[PDB]
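Working notes for the structure below.
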Amino acid sequence: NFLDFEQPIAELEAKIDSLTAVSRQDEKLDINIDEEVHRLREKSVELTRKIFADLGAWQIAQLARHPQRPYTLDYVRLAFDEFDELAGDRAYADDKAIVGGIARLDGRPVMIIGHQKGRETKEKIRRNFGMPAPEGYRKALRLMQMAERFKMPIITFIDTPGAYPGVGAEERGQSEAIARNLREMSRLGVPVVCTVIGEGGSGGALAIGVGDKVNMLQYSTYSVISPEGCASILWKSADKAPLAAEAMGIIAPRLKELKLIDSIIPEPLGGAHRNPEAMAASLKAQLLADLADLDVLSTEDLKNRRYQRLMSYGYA
Amino acid sequence: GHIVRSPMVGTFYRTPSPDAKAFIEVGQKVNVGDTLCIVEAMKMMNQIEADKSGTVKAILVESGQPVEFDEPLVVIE
Amino acid sequence: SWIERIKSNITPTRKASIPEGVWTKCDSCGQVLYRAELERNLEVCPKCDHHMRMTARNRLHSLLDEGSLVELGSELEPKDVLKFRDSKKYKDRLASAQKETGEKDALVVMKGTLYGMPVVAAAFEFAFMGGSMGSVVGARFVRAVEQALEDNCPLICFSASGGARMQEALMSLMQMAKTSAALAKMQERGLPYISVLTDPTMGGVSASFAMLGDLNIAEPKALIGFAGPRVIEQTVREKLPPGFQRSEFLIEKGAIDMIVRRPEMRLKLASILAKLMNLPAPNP
Amino acid sequence: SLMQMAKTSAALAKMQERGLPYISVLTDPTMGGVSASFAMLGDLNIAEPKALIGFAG
Amino acid sequence: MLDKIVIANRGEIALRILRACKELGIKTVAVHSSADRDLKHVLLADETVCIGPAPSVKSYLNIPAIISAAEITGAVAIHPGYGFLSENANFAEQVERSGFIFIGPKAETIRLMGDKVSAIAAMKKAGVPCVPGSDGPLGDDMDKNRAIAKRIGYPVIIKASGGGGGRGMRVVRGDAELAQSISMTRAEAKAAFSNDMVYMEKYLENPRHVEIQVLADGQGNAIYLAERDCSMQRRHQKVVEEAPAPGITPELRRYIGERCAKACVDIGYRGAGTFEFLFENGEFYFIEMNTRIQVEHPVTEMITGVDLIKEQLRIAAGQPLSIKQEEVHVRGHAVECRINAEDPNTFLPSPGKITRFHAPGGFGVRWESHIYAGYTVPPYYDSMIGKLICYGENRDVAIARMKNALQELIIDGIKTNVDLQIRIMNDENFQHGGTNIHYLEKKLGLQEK
């Protein structure tokens, strides 16, 4: 299901599908499929550049929410192996809006923590649209401590609309849990790398994003507040979300100059959704490179550097 | 009325042990939860429980007489 | 005309003898089973996949490699002093269980190796007076933890108990603290301690070291909790939720990491420990 | 601003590990980032009566 | 001789085994399902036992109930037949250990040869030629998988080593869908036969199905009877099978037979089984072993004069082979033609009642089945209701009789595959003899406007 501005790409795709049927549909129909396929694929490839060259911040947000995209499960599958999912906070529940586990990266063992919006409606409602109740963040703290204890690096993916705004979420110390998370992660003796795949932000995202390095795709928005919220509070409306997106600076290159993120991982054309494997390979390369130049530093120097980088936050 | 039938194949025994009282006997009625017979199969002496509470009108088999699947055992009226 | 026959009965006199110990049953589903098949599928009814009891020594052998097994704390035996006078005499039950099960106490410890990686394992023989955590149980636990500490190697255990050994009164209760102290001494070192819960895991054992290891792996449909369902039923005087204290339920309620079926267990432990200890992955 | 939460958390950790207590007394309103950053993080969390404390408005 | 045995099967093979038993004076026990109460072989048997409800899994595969019957009646062996529990090595193990005799091979060879890939490996070790392919179960090394595919040569076919009944096989046209095709084939194998093992084997485009029958007592004796040829198939399911096969000169007959006999000796094979093959340009490439009594067993019985079931029941009684390799002779030619309850075209089973029925009879015509008037075909198992034969002194005579017999035959109440049999018989190429396996598949044709 392509977005509104990806229409010319769609109709060309719509002609492309029935090519399979015409191959063996009925009445002996087996036409010269290869010629038409090649011409239509050429046109489609040419047109996507005609479509994805002129997208800006409001679009970037739409693309960051494309309802066909790799979630943390997808990146785990397409760049990680021997994945073991640990579920359980030890207190009140395991949460489906966060998925964590311990896996191997090119032999090396790692910890993977991140969100999972679910693909279709069913897995979206079963995972609460990637909105974690605090018990999830307590689980994430528990896993992060486990990873710290056994001299293990931590790889974290961040793809959350935000911490759930609900009765159950507020009752259980949402603020307290996120505060603790932000406290412990800033003392681990192991390197930390955190991407911004997909749509993330709204503070709750930061619960698992305080690390040595930070990386973001080219169509991923990292906003202290969703554009619609900023629009409602400030613009006194919702339709004016694109203006809020333009003003805030939620796009990766805008953030990059702000010394906030350490690298942008380029996407396959038309969005990572068109070539999830290519995006997974790019992410794996970026993660490995980040880990490499990180392992040289010792644990004490690692923590000191982490603290120093934090203090660089804010123009002050 | 109703007839309860062995759901497996094996030797038919009514007394659980070589010298034992029968689980049930004609006359005395049974309830839903009660063992009615023993259907031995591979030395694993299984047991059969009724499903309809009623009088034991008669017993259509005898101890030591092999029985087959769905073999009628007792008719409850 | 054979098309219409008499439907004759079978002759009872005919008699064939099958060996006694070659056919077993699964009360969970009722399907008779071939004992050697069940015993080869790690005591798992292949029909309904319902886990059953396994012998402690059999479990340890199943996990550990062959020829590297080394039992620990074999000289520790019950030395009742409370002379507990129940309907039976506690010495009576002690001796009866010891002879019936062939083991001194509920817990057995056997140092070994996993895919070439040193490890220490143990398990509970629930048949032993409900597998209660007697003084010997805690002493062997301490022995195993000490072995793991002296020789750098993960320590693993399996949980099966109905509660602490009542007949020893407060002597058993105190063991929980001893086990907790040993487990803390090891966790601070960096040696992982994975405890795999098996039905039943209840009362003192559940709250002492069953729930304390780095990971808490609950085998399916296992009964895990603190207070027995009868006690809770009488207290709340109501209907407990379906799946109460079930691993498929205590993974829903956050207390349980991952549900592992017995056949994978050895690989599942081997892979996870080879990861955590940071060792190269095991070869299938 | 969002990033400051981590800076404050790091400083508070640096102090708690020392042994110097950090008492944070919540007053209405305590909401959003401040609540989840250091409002709820000190050794004690003293909420003045009838004060509005939480995360989401 | 075995004092009594249980016919752990149903139907044509059940009735045939019952005839063989009564011939050899071995009392019979018929284990039936509740729907198969009024089968022929059931009614003609000494003692009838019901082991379960209509479905296959509840009743006929209920190994516990079958062993129960066998123990209560006092048997000292069991005949599984073909289908149901034919190749279930675990069934063989249980029957062996329970205290009874498993009529057929020892379970060990059931396990070794029921895994297609291990079977092919042992065959290679024993000198039997094999098709190019993986030479091992397929792993997840896609690089190695495609390297092997390139080495053998496209196109290729994925076959589940634990699959059966001509299902769970898919043809791969290229690497584009190799991964997905493999995954779905493994999924189907898991769903149906509970086994995931898949392997890659070369694809041949011009095969002529062959299979050579062998009898071995398991005591160092293994003989090879006449050949066979099941060329005609629909959905890889045989319909017509001629025995021997046209153009198999006695030189090739004896050449491959000696190797197959040596293979049976090496495996220490016991019971009756058949080494399938594939033929082209004067070559043989082993593809499987049906370690049981096949369905087209007659077409070797009428040309060799030896009753296979009797040979099995003798081996099970411990008697070594009573027939030497030299004394076995093939005198003539045969043909067989299965009758099935499917729609003649749609190939949808059409169970029902048979109002009217009339056997062929006549010289050289053999009618194996259980059906009869008033017999309501149960819509619960395979669709075969008769293995008809026509033995001739040459292929022309045998076809002629077949045509005449099919003319005579009447089966009314349920549609059946008689029209198709007549049409195949009239086919010119078939009458010549020597078509490739696809012949019937290609005649099917394709779309028309």
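Just so it is clear, A, B, C, D and E label the chains in written order, and each chain counts residues from 1 on its own.
In the analysis below, a residue touches a chain if its C-beta (ideal position, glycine included) is under 8 Å from a C-beta of that chain, and two chains touch if they have at least 3 such contacts.
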**Request:** Name the chain with the Cα centroid closest to the overall protein Cα centroid.
**Result:** C
**Request:** Skim through the chains and flag the pair connected by the most C-beta pairs in contact.
**Result:** A-D
**Prompt:** How big is the gap, in whole Å, between where the Cα atoms of chain B centre and where those of chain C centre?
**Reply:** 37
**Item:** Averaged-CA centre spacing for the pair chain E and chain A, given as whole angstrom
**Value:** 56
**Request:** Could you tell me the distance, in whole angstrom, between the mean C-alpha positions of chain B and chain E?
**Result:** 42
**Complete:** Whole-Å distance, C-alpha centre of chain A to that of chain B, is 65
**Message:** Residues of chain D that contact two or more other chains, please.
**Reply:** none
**Message:** Quick check on chain B: which residues sit in contact with 2+ other chains?
**Reply:** 41-42, 66, 68
**Overlap residues in chain E, where contacts from two or more other chains coincide** = 49, 64, 67, 71-73, 98
**Set of all touching chain pairs, with the criterion as stated earlier** = A-C, A-D, A-E, B-C, B-E, C-E
**Message:** Which stretch or stretches of chain C touch chain B in the complex?
**Reply:** 9-10, 12, 14, 18-20, 22-25, 32
**Fill in**
Within their complex, chain B touches chain E through residues 8-11, 41-42, 66, 68-71
**Touch list for chain A against partner chain D, complex** = 163, 165, 169-170, 173-176, 178-180, 182-184, 186-187, 201, 203, 206, 210, 224, 260, 307, 310-311, 313-314
**Complete:** The answer for chain D against chain A in the complex is residues 1-7, 9-10, 12-14, 17, 32-33, 35-41, 53-56
**Message:** Applying the document's contact rule, which stretches of chain E touch chain A when the two form their complex?
**Reply:** 446-449
